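Laid out below as structure tokens are two forms of one and the same protein chain, each shown alone and named structure 1 and structure 2.
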Structure 1
């Protein structure tokens, strides 16, 4: 009945189209600058039609989704502003940054058009539409950044359009999105590339260095092999946030130099202990975690089948697990399994079920 236009029919666009058709009877018209991709999307029933005219498809659309790169989306929003769109249209994107997009949207569309920025924290550009899946974004954070004027009810309509994603939707202001993604995603990319560059500089002086960088060092710097073109565009789009963070990092490295140079075993130990305790605690369940969840800690032995037996007991009781991880918080073979549940009642059933099987459990550690 309703019409969706999808601009950029890759892995991300295609997976959104599949998530949408999962929960909605809609015609999806695909548009892509790479003709072969959209053709392939129509061949795979990811889209129902290929856009003959971009204007024509857009002017009949209830929903317009940009899955194009941020720089391309910015350019097309101008075109979108010159069209006569439906009164009820929702427009959204999938960009890794939101500041520049939302600046352009506010300048072009304010009050008239429901533009809501988006950022699904799953997927890649390493494959195309051939590997698209309705569940690509299942239990991924999906950040939405409504323009200042967009009523709460339009944001709920978009979450409804996208309910088939099974994403944890978070509504943030634009600055907050770029601030938080600057710290947890963009900044590590700068440091990963810097670590590789420092090893590369010394590799000239000793040939052993390239060989000893296999394994863990390669694993730690994984994100340094991501697209230089894409990451240079993100650094440009989030430049001011990253400049503030780099200046604070340099100050932190100068304090770390003073700690190391002082040789005080106490101070250095505290520095490693603080980092270990914070990292081990992630994610830190708080009051304001929008997806509210409930933790059970279980003492488990490091042996074949330990996790198999725990998960088998919870599955037989029809308890869904939202997350789990192992903490090395004991002395020998004993480890702690942290299990997260959506509902308090699931945690309670899990505690009872494991208690009857003679497991030690706790609700705080």
Structure 2
């Protein structure tokens, strides 16, 4: 049976490992700098083996998956370039940004290795391999950003490796990926955190706010409970897009202030009607 290496045996890694095993009879060897995490992954039948030697495992693998944070993936690509991999190997990652990863891949592996950037656009904030599920990516978009030299059949192969995910796969270039995910994922995380911060500022002075924020406000700001480390890293890696979006946003807020100041019931109703038309225009998932 074919061999898979999973580097980073956490929520997203474990989830992908389970989705592969669901639709494919394969040996998944796990590697993590956190021994307890990969040991637990083995206990839970998310991986079949723990890698002593990262080199031996990678050199025999048909598929290598990086589910490590993007800075750790970037560092480990340099090690992967020093190894003698199979000629047919497919290498992928799960990073929320693709710019840095694909630049590093182009510098190290051009023409030799099939590296395809990945971004499964779904996740529980519930963490660890403990919380990994085969169906975590069901009906979610999964972005693939192939290197320049990668032929189409290798992208279709990777889609087949990951068909167990139940995801809608979409090929984007790096620039498209970081632009759209900056607007639809990264920027909303910034606003959610800011919304929680503004409410906390008032909660200090009135404890009823703390009691009432536990209802509707807590539910809509769920993403603000995501890993601060992970999201600091994402903001750093998509900083230029997010800076341009924040200046747009401040200008949008100055226009909304002018609308509310005007006191025009019709203009205020138009504002909400326009937002409602767009929000209702998004398709229902699963």
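So that the term is clear: the rigid core is the largest set of C-alpha atoms that superpose within 1.5 Å between two forms. Residue numbers count along the first chain shown, from 1.
- Identify which of 232, 173, 270, 211 has its C-alpha displaced by 2 Å or more between structure 1 and structure 2 once the rigid core is superposed. The listed residue whose C-alpha shifts by at least 2 Å is 211.
- Query: When you overlay the rigid core, is the Cα of residue 54 off by 2 Å or more between structure 1 and structure 2?
  - Reply: After core superposition, the displacement of the residue 54 C-alpha between structure 1 and structure 2 stays below 2 Å, so no.
- Message: Aligned on the rigid core, do the two forms place the Cα of residue 146 2 Å or more apart, comparing between structure 1 and structure 2?
- Response: Shift of 2 Å or more: no.
- Query: After the core is overlaid between structure 1 and structure 2, has the C-alpha of residue 248 moved by 2 angstroms or more?
  - Reply: Where the cores coincide, residue 248 shows only a C-alpha shift between structure 1 and structure 2 that is less than 2 Å.
- Task: For residue 156, tell me the Cα shift between structure 1 and structure 2 once the rigid core is superposed, in Å to one decimal.
- Result: Here the C-alpha difference is 0.8 Å.
- Once the rigid core is matched, what's the CA displacement of residue 125 between structure 1 and structure 2 in angstrom? Displacement of the alpha carbon, after core fit: 5.9 Å.
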